[PDB]
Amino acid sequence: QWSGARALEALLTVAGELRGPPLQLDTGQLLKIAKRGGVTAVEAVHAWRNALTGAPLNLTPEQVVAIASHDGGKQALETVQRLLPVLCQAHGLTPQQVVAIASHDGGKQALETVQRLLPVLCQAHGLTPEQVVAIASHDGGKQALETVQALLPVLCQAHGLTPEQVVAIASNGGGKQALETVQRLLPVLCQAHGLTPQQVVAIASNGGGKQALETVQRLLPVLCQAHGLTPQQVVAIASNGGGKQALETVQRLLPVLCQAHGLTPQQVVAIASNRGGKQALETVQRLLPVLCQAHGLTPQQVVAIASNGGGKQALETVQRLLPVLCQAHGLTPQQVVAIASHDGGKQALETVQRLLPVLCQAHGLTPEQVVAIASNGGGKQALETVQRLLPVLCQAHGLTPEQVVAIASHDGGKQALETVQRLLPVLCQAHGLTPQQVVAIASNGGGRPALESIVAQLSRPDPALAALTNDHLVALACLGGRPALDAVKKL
């Protein structure tokens, strides 16, 4: 017979007993745990399902799932029940912070290292506990913490990095490798190539890590001589999303794209410069002539779809759904291009196809409103929240559908809608803001933390804002959100 047959059975046997109390996990949850944490993780959840739910820890099932769904999830669960009260009472961490640290592969290692190193990192090195939590909250957190402890002096002193930059480099997966590589390659990339320490930090952080830095070192000349790129444009490729893979693939595909399709290097860099750039470039070389045939899409439209994180997925989804959305939903190609030209375009596209008729018929929105909501990053999230929350926001809070669509139509619209739902009563009833003022604050990117900042100030007034009226705070929040408020706090 088959090996895993015994294992899979034990899996299902215990998995079915977890749909009961006190956890009640759905199929999705149960699979996710099975997939990343394994059988033993599923058993551990079961075996420790009462100790984690109730007194003292009182963790949500969602939080138990978060901790369980990684390699060694069994170990993280055991370690959490042991160290969560230690870390909260002895180091002043929130339980949310502890879960954050535990919710990665090798979670046990990270928790124990935090317990062992947070004192010395704050006292001897002057890091905040927040910074320590951030370093610890990725796979290999233990390694990143040990490496920060060890190289913070030499990085700040012999290499001129601020502690902030060091923390920023460290707070990624492979943090250890990024730090060690930055130590070695900073002088090389600085003195030999005219990059600033800042630019090096950017290559090292955000995923690029060691591979991006070594690939910038290796390939920067081959790119700025023959291919005639600026260092600026090389840094941009390696920086965000990037990195190594995008850089290697820009060498391969820069001519093929220009020569045969007539894209500028400018356009190529923009496609290159996201997470999965390599994938994006490739799908473009492959798919562009297919999208622009039969008087179809324009090059510039193909370039714009491609130039966001997951561009490959948006491209393939566009190629696949362009017909059905135009034919059976009445959308113009231009609209479809707008929906797709943001991070997660694939998701927004699929969610528009799925929910446009529902939001139109059941909720009385226009197709234009649905497109506008979809045409932002996280478009799927905003669309699903509008569907869920429109009736309550309108019926229970007095908002117009127009107002709800306005809150929804920015990056993080989901967060903004959920927060207006939470805080509208206390802002208006308890502090006398008008609904329109609330809607205004919330109708920007970052509407959620703008709203929270406002509530903080009116419920636990910082003296440093008291010279401003509600109306002035409101104007400030609309103008530049939380950052503006916090910047005022400093004055």
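From 1 onward, residues are counted along the sequence shown.
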Check: Per the entry, where is the mean C-alpha temperature factor higher: 227-235 or 302-310?
Finding: 227-235
Check: Got a sec? Mean C-alpha B-factor, which is higher, 71-79 or 118-126?
Finding: 118-126
Notebook entry, point to check: Out of 420, 356, 246, 254, which shows the largest CA B-factor listed in the entry?
Noted result: 254
Checklist line | Deposited CA B-factor, highest of 132, 88, 337, 186 | finding: 88
Checklist line | CA B-factor ranking of residue 41, expressed as a third of its chain | finding: middle
Checklist line | Ranked against its chain, the third holding the CA B-factor of residue 327 | finding: highest
Notebook entry, point to check: If you rank every modelled residue in this chain by C-alpha B factor, which third holds residue 458: lowest, middle or highest?
Noted result: highest
Checklist line | Third of the chain, ranked by Cα B-factor, where residue 474 sits | finding: lowest
Checklist line | Within-chain third of residue 264 by Cα B-factor, per the entry | finding: highest
